[PDB]
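K.L.:
Just need the structure, nothing else, for what follows:
(5 chains, ligands or ions: 5)
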Amino acid sequence: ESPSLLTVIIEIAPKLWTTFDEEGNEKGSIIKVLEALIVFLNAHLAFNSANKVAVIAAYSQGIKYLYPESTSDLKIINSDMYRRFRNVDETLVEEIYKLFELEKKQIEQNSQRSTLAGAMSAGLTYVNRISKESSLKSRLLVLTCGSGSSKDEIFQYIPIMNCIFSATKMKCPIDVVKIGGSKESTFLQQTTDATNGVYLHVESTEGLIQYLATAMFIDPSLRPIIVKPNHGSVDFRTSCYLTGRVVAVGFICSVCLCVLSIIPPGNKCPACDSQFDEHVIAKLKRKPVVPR
Amino acid sequence: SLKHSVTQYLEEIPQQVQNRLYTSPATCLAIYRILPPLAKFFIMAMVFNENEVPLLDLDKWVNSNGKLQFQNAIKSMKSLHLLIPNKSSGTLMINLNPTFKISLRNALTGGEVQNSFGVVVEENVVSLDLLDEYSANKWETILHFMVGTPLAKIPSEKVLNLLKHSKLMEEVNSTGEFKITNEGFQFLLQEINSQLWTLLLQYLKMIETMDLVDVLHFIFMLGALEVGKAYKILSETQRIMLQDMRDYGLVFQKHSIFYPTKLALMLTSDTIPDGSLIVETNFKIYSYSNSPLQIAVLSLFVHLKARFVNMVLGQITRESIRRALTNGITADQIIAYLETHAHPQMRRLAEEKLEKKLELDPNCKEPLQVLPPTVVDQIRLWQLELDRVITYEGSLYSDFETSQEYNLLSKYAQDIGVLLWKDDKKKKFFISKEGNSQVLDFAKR
Amino acid sequence: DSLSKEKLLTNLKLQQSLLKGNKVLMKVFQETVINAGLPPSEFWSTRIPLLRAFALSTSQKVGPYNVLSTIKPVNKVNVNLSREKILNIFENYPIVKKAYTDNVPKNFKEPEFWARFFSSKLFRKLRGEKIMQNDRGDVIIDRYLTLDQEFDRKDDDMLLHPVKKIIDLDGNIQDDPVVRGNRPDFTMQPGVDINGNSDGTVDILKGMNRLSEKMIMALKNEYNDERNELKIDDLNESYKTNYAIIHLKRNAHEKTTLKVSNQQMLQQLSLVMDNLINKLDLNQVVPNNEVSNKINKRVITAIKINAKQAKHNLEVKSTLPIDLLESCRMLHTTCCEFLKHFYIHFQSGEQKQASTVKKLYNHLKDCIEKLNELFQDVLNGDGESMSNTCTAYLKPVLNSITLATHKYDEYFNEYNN
Amino acid sequence: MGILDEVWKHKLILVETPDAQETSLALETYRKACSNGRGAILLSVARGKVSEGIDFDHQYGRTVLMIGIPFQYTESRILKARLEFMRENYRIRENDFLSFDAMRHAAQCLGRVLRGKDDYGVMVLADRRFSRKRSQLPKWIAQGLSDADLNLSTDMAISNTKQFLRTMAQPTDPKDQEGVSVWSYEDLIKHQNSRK
Amino acid sequence: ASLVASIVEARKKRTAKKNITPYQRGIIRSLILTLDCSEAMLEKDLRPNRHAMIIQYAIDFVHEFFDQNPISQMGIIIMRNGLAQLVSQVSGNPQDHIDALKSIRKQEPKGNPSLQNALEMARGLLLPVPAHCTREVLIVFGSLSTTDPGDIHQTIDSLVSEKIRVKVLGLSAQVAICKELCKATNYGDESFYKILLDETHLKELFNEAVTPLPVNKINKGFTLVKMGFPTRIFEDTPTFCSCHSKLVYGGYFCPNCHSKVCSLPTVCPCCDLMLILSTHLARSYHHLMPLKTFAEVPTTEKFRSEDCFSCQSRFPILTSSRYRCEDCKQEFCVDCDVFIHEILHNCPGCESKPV
Ligand SMILES: [Zn+2]
Ligand SMILES: [Zn+2]
Ligand SMILES: [Zn+2]
Ligand SMILES: [Zn+2]
Ligand SMILES: [Zn+2]
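P.N.:
Numbers count the residues shown, from 1 in each chain, chains lettered A, B, ... in the order given. Ligands and ions are numbered 1, 2, ... in the order given. Below is the structure:
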């Protein structure tokens, strides 16, 4: 039908990749992933002649517009392959080596924040840019190494929600590929379910070629005539603000609107300092009255 | 019907000849480009595992909403002999063509290509200045030759013979002149890759043993080729028709190094606007387009006035209309050009009028013509007033009896495609002279 | 007024009115109280906003307007009377209402009356038409002329009121009671006819002024300050919003219900940069077709599972007998109504609610037994051919109902036991 | 003609009664009608009792239909004797003095619209002969009287009035008038120093 | 010379948006749009007529209001022929009011308005409304007058006493009584009686009315509210729903009383408790966390970068179009500034910059 603007974000982080390859033994698994993605973009740009690809990597200190080159020469790959495929693959391996050399250079400083949401947002802006230029399908791909330490998704939660709402406005499914020890990533699973995206988690770096060639090929040209393969289901619930556990039925502030599994101490808001009404909370604490 | 015509031709190509075509990765890449999305997905899934599948697994995977499209994809898949579906263990065991499979695999991996993507010399030069200019020159010469406006640079004698034999732009030997057939105007209406594909289909049809699969593989890799580089001059049949398509201006060859122009790229794939025309009830032309080719083709069916930078003006006359009509050029062809040359403001006004008339009545009691009938139906009324009769000439069988027999004989002619007209109420029908003998034999039996 | 919960429950006539308005409300109410015998106050206790909305919809009335000015004279004339406008004329002109009520129920017909009315000069007088002795009017309607005149006098007497001195033109002209000048112009004074009498334009102008005054006093119905009046707001301070901003302190609890080292990650990083600059092969990515076959098995299993999920993608089409379908829908509906009312009683939390809770518990038990007996009926009507589907269709409301019963029993054992 | 019946459908109509008391009740009615916003129209003589001490503002002073030149009654021997005496005394042109008095009565009629600078209003001149009298007219009045406005018809009068209403229906930034129209104490100080 | 006019227009525009505040703004909303369908809106004076455009704009308003703020109920009462007619009760489903408005499409606007009756029955409809819900009414009006049965000032006093605000979008010009309503209801503010100048301005006004409004400190109602996240099931068997009493394949399940529903964000029909998703509550967090404006750096000074930080394009070169996020110290293009300030609700420069 139409050229599908391909959007691929690769979450590269040595804190995750070192953790994964030390947990297992597949050194160069990230290289295997990169080669698989090279074949994936080849299969995509051979599926359609103009389904243009946006490739962005988010490193530890920030993000990088990988494909294409900025608005401001060895060949590792073979010379017998296709021209456009070779140009893209050579450009990406050059950009990847430059980013990895940079990452080796500035390895020793510490930044504990994931940049996945910012990378996703910048990619969505570029999707707006491409779609506003000249009619193009929007499909967003994330590659993550989930074997790293799940430190704090709490600050990541809000912009991820904002990105979900934006992609909902933009009819862009958010398809998730996870490689890690943890089977489940709740926010990503919720993201896939809300955006009609595809969630998938495995561990072995082998067979990802067949995995994301078979499953991760759904385009908006043929989305309604393809069943989604996701098996997990999400309650769309959140952990409590002061006890950190998910709540089924509970309480939220009339002002801050944060989930309270229990009564806040001092009857004041733990988010926006609103003192509440004692008769209200006593009625909330009321037991039912039962006949003797 | 370009993919339909090529797929039909390859289905006409036998199974092992198809398998010979499926040997090389460049041919497999071009054919994969031809395949529809469902079959494309199927083969890219199965190409990386040597696990044959039964049809039941694919059927369970397939959502039934697009099951007709799935049927089309697998019908093409089987009829191209790209599949080997056998009822193994009672189940229709699905198997891709293995030569196609491995050649696609090597093309995707960048593995063994045997320079099917091209025997490369890689002496790149500028193409906009030599290749594009010579290409535009030669294509301009053949295009104005095909227009009929006078031009000195005649085409090759091979293509001249192909035009003489073919029903495209008839070089009528009684007149000694190339003459616009209705098929010639179809070619004029065609897209550029459509014109190239019609030309190569006709040349492949006329050419015989010159190895047909050599021409096929060479055509597929020539489509697969890239612009602006020198390459090694391969099969000799491929080389001599390569020199032929050099004389067509497709490649810029320095008699061994050859430099393929942009025409190979357009043959491979496609790449208040230009070509947008404002219609007028006064038949005035407000074209947002200009070329000497545009004037040359507008000379056939439009009375023009002058040439300016984008502003080509004129007035469509009924003399111009009937000049188009008397060439055998179809009014449907004319409105094909017209409806491919519409303008934004007028089509927005037409859609506003359509949405206004939608709420009043579904039929609107108006003729079905979306382009504004104030100007557009004036041609369409002239289109209906052009033909406006039905002529039947030759044999005719009359005064049938039993209606039975009349329906039987008439139905039989329709089945064999020799029936030209019938009337239940008079129990009469007309059949072509070719089918006369067949109908008579059936009547006796 | 008619706005309390007691008033809305009291208005049985209005309750019957929107009852008769709906049809599923006869169905529901009939099952609720005619069939199940629920307290109809508690029936209407849920539908209180609906009752008040119906009341307020029925309760509004229009504002006054110049109905005689909207009357047009329209050869011949055909009466095209509108009853709402006839009552508008009645309300605007009680004299015309009186002239209707003492003549039509006594002497002649309504359309004959209105033809006489349009013929009458009293109609012209009450409208913006100057009376003329050339017009004959209608004698029966024009007998009310002096009655309308003394109505006008009484109404003007009513309309008289004292005036503020801040705007009192009478005080303004009573500034100097001994002004001795010259007689003002005939042009700019109220002109008269030849014989000194007026034409009556002052009468028609004071009449339309009386119409305006009657308007504004109809507005002014049952349903010092000059300091505020003379304020010059243009030289005053601009109003500023007292809207409160909000901050947000941020301290979230961690999610509740081995550690890597820089040396080791640096060693691996050095090694993988070495591998990166060393080599990269696309061709090695092809799997072993056996672990890949297990991947095929996993993928196809996921496809089968989610396809069976998608296989069950007006209500659904069903092969029920239509009567039993309606009966089971009805039973589901009244069970839902019972359950909602029982929850209303339970979440209320009073000792006054106790007998209500007990009785609704009994009703829920009765509904359970009736569901079971219905299951016996579809049992011996189907041989459990699709009586299984009947049981499963009525299942989840039954599960919620019996869960509520268990909750009631548990809280009974909590408090009493 | 029954035009007043059409006028009934939009606003009330109030006429200057010869009784000042009924006129007072009438103006109270107009006041309350513009108070509730249902709208009303006053009909008063140019020299009539309303015109000499009653102001109208921000809904009361919004638009005025001045009807023609308010010339005095021409055939007054009293007026003619006045004209003769004042011409004999101060060499006064009689027609010019008549235009002066008409003039000044019209200004008295039209001066009761703008109470504060926040108010706004539109003025009409419903006579052909007014066009020669802008030089007569008061300076601040005529400074808003543009040269295109000297001879207008109903259509562009309506269009300009609608656009004026659209214009006056907008808020205004205080920065554009904080030093040129409205003055603070510091603004007056700065102006006084600038005078110094 | 058009760029100088554009620059001074942008300056006079940005003078209003210089002050950006984190006011407490209402989330539990209660919005009523009454419609008049009278003889005034029969004017074709704006194309095609006022009735058609207010229908279309109300469709858009319903969509935008339910998208941005799904945590409110919407009621519509039409005004026609001296009567105010309720056509849409307050509900969580926008589609009901969409269908009611589609019924309003084909019927004919005629009559005269009565804001007294309209606001009175709007008050009565707004009467059984909980405390946290912010009762506010949008009123469209085309007349310059209002026929009424009785006093409006008693209604004004009652509405002020019952803590309901109004905002009037008049058509022709200002009406003094509507100004009085807006001022007295709105604590003396004049920022609520708004008059359009064209249909584009009407569109902008409707978009402005979409947004939540700030609340007052004196109008203090700071409390908690009980909430419950339900669970969605995907069952093989169709099942009867509690709300519409019909067979449903799927449906959420009640967290408290374990019944099932058909739509969200809705309250329970059985345990009678509100059920939402965390997406719904996080939907207004841009209102809860506003975004600072981005400053163009001047063309005279030296520049940190010459191409856009976010969209990655070259900055064009008289003036300098480098909108700087001072919170992240990065300059951006106008397109990215628009997208981040309106569509997005995060600054990726501040996402990359660690705190
Ligand atoms: Zn809070
Ligand atoms: Zn339902
Ligand atoms: Zn519940
Ligand atoms: Zn940018
Ligand atoms: Zn920033």
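
K.L.:
quick one: the helices in chain D?
P.N.:
In chain D, the segments counted as helices under DSSP state H are D:3-8, D:20-36, D:77-90, D:94-110, D:139-144, D:154-168, D:185-195.

K.L.:
closest to chain E out of those helices?
P.N.:
helix D:154-168 (3.7 Å; C-beta to the nearest C-beta). From N, CA and C alone the C-beta is placed, and that goes for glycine too.

K.L.:
so how far is the closest one from its chain's centroid?
P.N.:
Mean-position distance between helix D:154-168 and its chain equals 17 Å (C-alpha atoms, centre = their mean, to the nearest Å).

K.L.:
Mind listing what's buried along that helix?
P.N.:
Neighbour-count burial for helix D:154-168, with 16 or more other C-beta atoms under 10 Å in any protein chain shown as criterion, is recorded at D:165, D:166, D:168.

K.L.:
anything in it near chain E?
P.N.:
Yes. Helix D:154-168 reaches chain E (C-beta under 8 Å from any C-beta of the partner chain) through D:162, D:165, D:166, D:168.

K.L.:
In contact with the residue of chain B found nearest ligand 5, which residues?
P.N.:
Using C-beta to the ion, residue B:271 is the residue of chain B that sits closest to ligand 5, at 38.7 Å. Shown in contact with residue B:271 (C-beta atoms under 8 Å, 6 or more residues apart in numbering or on different chains): residue A:50.

K.L.:
Mind doing that once more with 10 Å?
P.N.:
A:49, A:50, B:262, B:265 (C-beta atoms under 10 Å, 6 or more residues apart in numbering or on different chains).

K.L.:
Identify the farthest-apart pair in the residues you listed.
P.N.:
Longest distance between any two of those is 16.2 Å, between A:50 and B:262; criterion C-beta to C-beta.

K.L.:
Residue E:21: helix or strand, and which one exactly?
P.N.:
For residue E:21, there is no enclosing helix or strand under DSSP states H and E.

K.L.:
Identify the residues contacting it.
P.N.:
Contacts of residue E:21 (C-beta under 10 Å, 6+ apart): C:241, C:243, C:244, C:245, C:246, E:214, E:290.

K.L.:
count of residues packed around the fifth one?
P.N.:
Look at residue C:246: counted by other C-beta atoms under 10 Å in any protein chain shown, it has 20 neighbours.

K.L.:
ok, it touching residue E:24?
P.N.:
Yes. The criterion here is C-beta atoms under 10 Å, and residue C:246 meets it with residue E:24 at 4.7 Å.

K.L.:
Output the longest helix belonging to the chain.
P.N.:
No chain specified, so I'll use chain A. helix A:83-105.

K.L.:
meant chain E actually
P.N.:
Longest helix in chain E, counting by DSSP H: helix E:50-68.

K.L.:
Quick one: the strands in the stretch 51-200 of chain A, in order.
P.N.:
A:53-58, A:63-67, A:137-145, A:174-179, A:199-202 (DSSP state E, counting those that start in this stretch).

K.L.:
buried residues in the fourth one?
P.N.:
When you say that, I think you mean strand A:174-179. Buried-residue list, strand A:174-179, by 16+ other C-beta under 10 Å: A:174, A:175, A:176, A:177, A:178, A:179.

K.L.:
got the residues of the stretch 151-300 of chain E near ligand 3?
P.N.:
Those residues of the stretch 151-300 of chain E that sit near ligand 3, judged by C-beta under 5 Å from the ion, are E:254, E:256, E:257, E:259, E:268, E:270, E:271.

K.L.:
residue boundaries of the strands in chain B?
P.N.:
B:53-54, B:86-88, B:91-94, B:170-172, B:177-179, B:251-253, B:258-260, B:277-278, B:284-288, B:303-307, B:311-315, B:419-423, B:428-431 (DSSP state E).

K.L.:
Looking at those strands, which one is packed in the most?
P.N.:
strand B:258-260 (a mean of 24; mean count of other C-beta atoms under 10 Å in any protein chain shown).

K.L.:
Nearest residue to the spatially most central residue of chain E in space, ignoring adjacent ones along the chain?
P.N.:
Geometric centre of chain E, nearest residue: residue E:210, 1.9 Å, by C-alpha atoms, centre = their mean. Take residue E:210 and drop its neighbours on the chain: the residue closest to it by C-beta to C-beta, 6 or more residues apart in numbering or on different chains is residue E:64, 4.6 Å away.

K.L.:
so what's that neighbour up against?
P.N.:
E:206, E:207, E:209, E:210, E:211 are the contacts of residue E:64 under C-beta under 10 Å, 6+ apart.

K.L.:
Surely residue B:95 touches residue B:88?
P.N.:
Yes. Using C-beta under 10 Å, residue B:95 makes contact with residue B:88 at a distance of 8.9 Å.

K.L.:
Find the residues that touch each one of these two.
P.N.:
With C-beta under 10 Å, 6+ apart, residue B:95 and residue B:88 have common neighbours residue B:52.

K.L.:
Dump the contacts of residue B:271 to a markdown table, plus neighbour count.
P.N.:
Output for the contacts of residue B:271, formatted as a markdown table (neighbours: other C-beta atoms under 10 Å in any protein chain shown):
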| residue | neighbour count |
| --- | --- |
| A:49 | 13 |
| A:50 | 13 |
| B:262 | 17 |
| B:265 | 16 |
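
K.L.:
Tell me which ones among those also neighbour chain E, please.
P.N.:
For chain E, no contacts are drawn from the contacts of residue B:271 by C-beta under 10 Å from any C-beta of the partner chain.

K.L.:
any idea how far residue C:204 is from the closest residue to ligand 3 within chain E?
P.N.:
Relative to ligand 3, the nearest point of chain E is residue E:271 (2.8 Å; C-beta to the ion). Residue E:271 sits 69 Å away from residue C:204, going by C-beta to C-beta, to the nearest Å.

K.L.:
Smallest gap between the stretch 51-200 of chain A and ligand 1, at which residue?
P.N.:
For the stretch 51-200 of chain A, C-beta to the ion, closest residue to ligand 1: residue A:158, 15.2 Å.

K.L.:
An error on my part: the question was meant for chain D.
P.N.:
residue D:171 (33.9 Å).

K.L.:
Excluding covalently adjacent residues, which one is nearest to that residue?
P.N.:
residue E:190 (7.2 Å).

K.L.:
Correct me if wrong: the one you found contacts residue E:179.
P.N.:
Yes. Using C-beta under 10 Å, residue E:190 makes contact with residue E:179 at a distance of 7.4 Å.

K.L.:
Tell me which of the two has more neighbours.
P.N.:
residue E:179 (18 against 13).

K.L.:
Can you name the residue of chain C nearest to chain B?
P.N.:
Counting by C-beta to the nearest C-beta, chain C gets nearest chain B through residue C:283, at 4.7 Å.
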